[PDB]
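Structure, as structure tokens:
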Amino acid sequence: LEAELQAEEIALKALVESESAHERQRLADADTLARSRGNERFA
Amino acid sequence: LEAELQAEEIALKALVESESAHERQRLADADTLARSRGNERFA
Amino acid sequence: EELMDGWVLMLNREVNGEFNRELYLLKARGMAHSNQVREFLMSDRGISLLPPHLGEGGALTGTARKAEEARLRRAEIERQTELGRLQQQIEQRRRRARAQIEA
Amino acid sequence: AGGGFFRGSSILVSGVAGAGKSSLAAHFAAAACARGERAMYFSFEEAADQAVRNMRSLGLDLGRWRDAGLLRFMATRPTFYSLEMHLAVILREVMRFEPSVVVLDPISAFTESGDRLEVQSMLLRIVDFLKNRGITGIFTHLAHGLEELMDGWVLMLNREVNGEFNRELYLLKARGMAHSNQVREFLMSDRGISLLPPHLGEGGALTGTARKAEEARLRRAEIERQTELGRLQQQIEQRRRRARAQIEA
Ligand SMILES: Nc1ncnc2c1ncn2[C@@H]1O[C@H](COP(=O)(O)OP(=O)(O)OP(=O)(O)O)[C@@H](O)[C@H]1O
Ligand SMILES: [Mg+2]
């Protein structure tokens with residue numbers, strides 16, 4: 001049972017890591033898109 | 001068994017909360033859309 | 001056309017095997033006005049404009065409008081039934097936990 | 001880049017009727033007057049009092065500048081003069097006042113006043129006279145010759161999508177500078193012409209009500225995914241609590 005619960009802990013970890021990575025990549029992609037459509041380049 | 005039923009109660013709670021939030025957000029979205037298509041702005 | 005202060009364009013187009021009437025204000029100088037292509041009907045009571053169209057798709061007139069209203073109602077009923085069954089299932093689990101506790 | 005068009009340039013504003021061509025020209029002239037300079041605005045299809053009233057709803061005050069002797073508003077039908085005398089009057093008047101900005105609204109009103117090559121000759125002479133003096137010329141043209149001689153070109157659109165008409169504008173041409181390549185949507189109001197924030201989405205190219213609908217749809221999808229992740233987290237944690245209870249026993 002202990003080994004099972006340790007495996008579950010590792011699963012929790014991996015899921016949180018994946019969510020954080022997804023948040024990060026969406027912000028990067030949004031910044032890229034807002035760059036390719038912005039008027040910053042002319043200020 | 002008690003711990004299981006408490007978990008079930010929490011699940012019921014979360015589901016009802018989600019439904020209420022969904023109702024609310026649909027009303028807000030419907031109001032927004034009916035604004036962007038209405039003749040109120042000219043009364 | 002250039003010398004006109006207002007301009008009302010009236011349409012009668014074919015969509016879905018029927019002809020639907022519409023009208024919009026192309027030009028109205030000096031004022032604020034709606035930018036909606038509104039659908040209207042003729043009758044013994046004159047020209048009556050129907051309520052504006054509200055839907056995520058939009059731009060449906062005549063019979064297609066009623067069809068989409070019906071479809072939206074059906075989808076809402078479907079979702080409500082889904083939520084109902086889920087609620088009932090979790091509550092049956094709870095009643096179970098009860099019966100076992102009592103025993 | 002740099003804050004606008006070059007000074008002595010030739011700018012053509014094009015679009016369909018109701019697009020906003022006259023409003024943009026009036027904004028140009030009103031700004032020119034507001035900086036203390038002088039402007040001349042030649043209208044061939046609207047009267048002076050009517051134009052003032054029409055521009056008043058957009059928040060401009062063309063009357064203030066007329067009463068201050070900084071804006072001369074001249075209105076004459078295309079049939080009042082011959083193509084030669086139209087040019088003569090325009091040049092004489094431009095000479096006397098010594099403007100900084102001259103607007104002709106619209107350039108397309110003279111099409112039936114003569115042959116194509118005659119009206120082109122008149123307009124070319126007007127453009128050359130304006131450019132040899134460093135005067136900025138704003139020409140409004142109705143969409144549907146001398147386009148080639150324009151340094152800037154602003155195309156204004158008013159199109160039908162989703163049972164509504166949405167306004168847009170883009171810079172077709174701006175020689176000598178870097179400029180945006182976006183077809184931006186704008187609105188008119190008591191505050192003038194306001195351009196809405198650019199559109200960011202994987203699909204893109206949505207205007208007006210469809211934009212709000214897609215924003216709502218994106219929010220709904222995000223909420224759905226968040227709820228999915230929540231239920232998964234809760235399920236794995238309930239398994240963990242289980243393993244606990246059994247270990248304790
Ligand atoms: N207070 C206002 N609020 C919102 N919109 C306005 C307001 N006043 C005017 N508008 C809009 O500004 C537009 C002005 O159009 P404008 O005359 O500038 O274009 P145009 O190309 O010069 O047309 P024309 O063929 O008459 O020369 C009106 O059609 C009207 O729809
Ligand atoms: Mg005009």
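Going through the structure tokens in order, the chains are called A, B, and so on, while each chain numbers its residues from 1 and the ligands are numbered from 1 in the order shown.
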Residue C:13 surroundings by only C-alpha atoms, 12 Å radius, close-in-sequence under 2 positions cut, as a ChimeraX atom specification
/C:10-11,15-23,39,61-62
Store the residues picked out above, limited to N, CA and C atoms, as a PDB file, in the first residue's frame.
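File produced: selection.pdb:
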```pdb
ATOM      1  N   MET C  10     -33.319  48.286 -48.925  1.00  0.00           N
ATOM      2  CA  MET C  10     -34.290  47.252 -48.608  1.00  0.00           C
ATOM      3  C   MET C  10     -33.983  46.006 -49.426  1.00  0.00           C
ATOM      4  N   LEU C  11     -33.905  44.864 -48.750  1.00  0.00           N
ATOM      5  CA  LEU C  11     -33.491  43.613 -49.364  1.00  0.00           C
ATOM      6  C   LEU C  11     -34.615  42.591 -49.298  1.00  0.00           C
ATOM      7  N   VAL C  15     -32.969  32.559 -49.096  1.00  0.00           N
ATOM      8  CA  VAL C  15     -32.192  31.637 -48.282  1.00  0.00           C
ATOM      9  C   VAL C  15     -33.131  30.536 -47.814  1.00  0.00           C
ATOM     10  N   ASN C  16     -32.717  29.286 -48.004  1.00  0.00           N
ATOM     11  CA  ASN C  16     -33.460  28.137 -47.488  1.00  0.00           C
ATOM     12  C   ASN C  16     -34.830  28.006 -48.152  1.00  0.00           C
ATOM     13  N   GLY C  17     -34.877  28.214 -49.465  1.00  0.00           N
ATOM     14  CA  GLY C  17     -36.121  28.034 -50.195  1.00  0.00           C
ATOM     15  C   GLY C  17     -37.224  28.978 -49.780  1.00  0.00           C
ATOM     16  N   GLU C  18     -36.876  30.202 -49.402  1.00  0.00           N
ATOM     17  CA  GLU C  18     -37.856  31.219 -49.059  1.00  0.00           C
ATOM     18  C   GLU C  18     -37.194  32.573 -49.237  1.00  0.00           C
ATOM     19  N   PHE C  19     -38.018  33.595 -49.434  1.00  0.00           N
ATOM     20  CA  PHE C  19     -37.538  34.957 -49.605  1.00  0.00           C
ATOM     21  C   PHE C  19     -37.887  35.764 -48.362  1.00  0.00           C
ATOM     22  N   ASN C  20     -36.866  36.338 -47.728  1.00  0.00           N
ATOM     23  CA  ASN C  20     -37.020  37.088 -46.489  1.00  0.00           C
ATOM     24  C   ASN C  20     -36.674  38.550 -46.717  1.00  0.00           C
ATOM     25  N   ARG C  21     -37.475  39.432 -46.129  1.00  0.00           N
ATOM     26  CA  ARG C  21     -37.275  40.867 -46.263  1.00  0.00           C
ATOM     27  C   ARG C  21     -36.330  41.383 -45.180  1.00  0.00           C
ATOM     28  N   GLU C  22     -35.538  42.385 -45.547  1.00  0.00           N
ATOM     29  CA  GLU C  22     -34.572  42.988 -44.644  1.00  0.00           C
ATOM     30  C   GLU C  22     -34.376  44.437 -45.055  1.00  0.00           C
ATOM     31  N   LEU C  23     -33.769  45.215 -44.163  1.00  0.00           N
ATOM     32  CA  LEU C  23     -33.457  46.605 -44.467  1.00  0.00           C
ATOM     33  C   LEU C  23     -32.375  47.085 -43.514  1.00  0.00           C
ATOM     34  N   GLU C  39     -34.519  42.277 -40.002  1.00  0.00           N
ATOM     35  CA  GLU C  39     -35.567  41.626 -40.771  1.00  0.00           C
ATOM     36  C   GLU C  39     -36.917  42.187 -40.352  1.00  0.00           C
ATOM     37  N   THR C  61     -32.425  34.102 -40.625  1.00  0.00           N
ATOM     38  CA  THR C  61     -33.675  34.807 -40.865  1.00  0.00           C
ATOM     39  C   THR C  61     -34.785  33.814 -41.162  1.00  0.00           C
ATOM     40  N   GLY C  62     -36.012  34.221 -40.853  1.00  0.00           N
ATOM     41  CA  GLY C  62     -37.181  33.456 -41.232  1.00  0.00           C
ATOM     42  C   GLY C  62     -37.300  32.123 -40.526  1.00  0.00           C
TER      43      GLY C  62
END
```
Would you name the residues within 6 Å of ligand 1, counting only C-alpha atoms and all ligand atoms, and put them as a PyMOL selection string?
(chain C and resi 2+27-32) or (chain D and resi 16-23+57-58+188-190)
Just want the residues within 12 Å of ligand 2, written as a PyMOL selection string, counting only C-alpha atoms and all ligand atoms.
(chain C and resi 1-6+27-30) or (chain D and resi 13-26+42-47+50-51+54-55+103-109+139-142)
Expected file: the selected residues, C-alpha atoms, as a compact mmCIF listing (two decimals), in the first residue's frame:
```txt
# COMPACT_ATOMS: atom_id res chain seq x y z
CA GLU C 1 -26.56 58.99 -54.51
CA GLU C 2 -23.73 61.23 -53.32
CA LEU C 3 -26.12 64.13 -52.62
CA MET C 4 -28.26 62.10 -50.20
CA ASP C 5 -28.23 62.64 -46.45
CA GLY C 6 -29.88 59.31 -45.65
CA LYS C 27 -26.01 56.23 -44.67
CA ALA C 28 -27.35 58.69 -42.17
CA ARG C 29 -25.18 61.79 -41.92
CA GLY C 30 -25.10 63.83 -38.74
CA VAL D 13 -8.68 58.42 -48.71
CA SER D 14 -10.86 55.87 -50.51
CA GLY D 15 -14.00 53.97 -49.62
CA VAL D 16 -17.69 53.35 -50.20
CA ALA D 17 -20.44 55.77 -49.21
CA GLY D 18 -20.84 56.09 -45.45
CA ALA D 19 -17.31 54.78 -44.92
CA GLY D 20 -15.99 57.80 -43.02
CA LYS D 21 -13.93 59.55 -45.69
CA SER D 22 -15.23 63.05 -44.92
CA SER D 23 -14.78 62.49 -41.18
CA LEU D 24 -11.09 61.62 -41.59
CA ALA D 25 -10.44 64.64 -43.80
CA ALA D 26 -12.18 66.88 -41.27
CA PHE D 42 -12.99 72.20 -50.67
CA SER D 43 -16.27 70.28 -50.58
CA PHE D 44 -18.13 69.59 -53.81
CA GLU D 45 -21.16 67.78 -52.43
CA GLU D 46 -22.17 69.30 -49.07
CA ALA D 47 -22.93 72.81 -47.81
CA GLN D 50 -24.61 71.18 -43.12
CA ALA D 51 -21.00 69.99 -43.05
CA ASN D 54 -22.56 66.78 -39.51
CA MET D 55 -19.02 67.03 -38.14
CA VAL D 103 -8.54 68.90 -48.67
CA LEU D 104 -10.59 68.08 -51.76
CA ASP D 105 -13.73 66.11 -50.97
CA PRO D 106 -14.45 64.16 -53.18
CA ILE D 107 -12.07 63.93 -56.13
CA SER D 108 -14.54 61.61 -57.87
CA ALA D 109 -17.26 64.26 -58.19
CA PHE D 139 -8.05 63.82 -51.44
CA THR D 140 -11.19 61.78 -50.77
CA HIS D 141 -12.29 59.32 -53.45
CA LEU D 142 -15.28 56.99 -53.67
```
Please identify which residues in stretch 39-217 of chain D DSSP calls helix (DSSP H, G or I) from the backbone, and express them as a PyMOL selection string.
chain D and resi 48-56+62-67+83-97+107-113+116-131+209-217
So that each row is one residue of chain B with an atom at most 7 Å from chain D, can you give its shortest atom pair and the distance in Å to one decimal, using only C-alpha atoms, rows by chain and rising number, as CSV?
```
residue,atom,partner,partner_atom,distance
B:29,CA,D:216,CA,6.8
B:33,CA,D:209,CA,6.8
B:36,CA,D:209,CA,6.2
```
Expected file contents, prior selection, N, CA, C and O atoms, as an mmCIF file, in the first residue's frame:
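For reference, result29.cif as written:
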```
data_model
loop_
_atom_site.group_PDB
_atom_site.id
_atom_site.type_symbol
_atom_site.label_atom_id
_atom_site.label_comp_id
_atom_site.auth_asym_id
_atom_site.auth_seq_id
_atom_site.Cartn_x
_atom_site.Cartn_y
_atom_site.Cartn_z
ATOM 1 N N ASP B 29 -22.968 36.554 -20.699
ATOM 2 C CA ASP B 29 -22.633 36.515 -22.119
ATOM 3 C C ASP B 29 -23.825 36.896 -22.984
ATOM 4 O O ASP B 29 -23.671 37.620 -23.979
ATOM 5 N N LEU B 33 -23.964 40.017 -25.631
ATOM 6 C CA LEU B 33 -24.330 39.876 -27.036
ATOM 7 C C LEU B 33 -25.555 40.724 -27.378
ATOM 8 O O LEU B 33 -25.601 41.360 -28.438
ATOM 9 N N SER B 36 -24.470 44.217 -27.845
ATOM 10 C CA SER B 36 -23.752 44.603 -29.041
ATOM 11 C C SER B 36 -24.627 44.527 -30.286
ATOM 12 O O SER B 36 -24.132 44.785 -31.389
#
```
Using only C-alpha atoms, determine which residues of chain C fall within 6 Å of chain D; present them as a ChimeraX atom specification.
/C:27,30,35-37,56,58-59
Spatial neighbours of stretch 10-15 of chain A, max dist 12 Å, only C-alpha atoms, sep filter under 4 positions, as a PyMOL selection string
(chain A and resi 3-6+19-22) or (chain D and resi 229-230+232-240)
Could you list, as a PyMOL selection string, every residue within 9 Å of stretch 69-82 of chain D, counting only C-alpha atoms and ignoring same-chain residues fewer than 4 positions away?
chain D and resi 29-30+33-34+36-48+62-65+86-87+97+99+109-110+112-114
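The chain C residues that come within 10 Å of chain B are residues 31, 32, 33, 34, 35, 36, 51, 52, 53, 54, 55, 56, 80, 83, 86, 87, 90, 91, 93, 94, 95, 96, 97, 98, 100 and 101 of chain C, with only C-alpha atoms taken into account.
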So how many Å separate atom CA of residue D:182 and atom CA of residue D:198, to one decimal?
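Going from atom CA of residue D:182 over to atom CA of residue D:198 covers 8.2 Å.
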What does the structure give for the distance between atom CA of residue D:152 and atom CA of residue D:178, in Å to one decimal?
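Atom CA of residue D:178 lies at a distance of 11.8 Å from atom CA of residue D:152.
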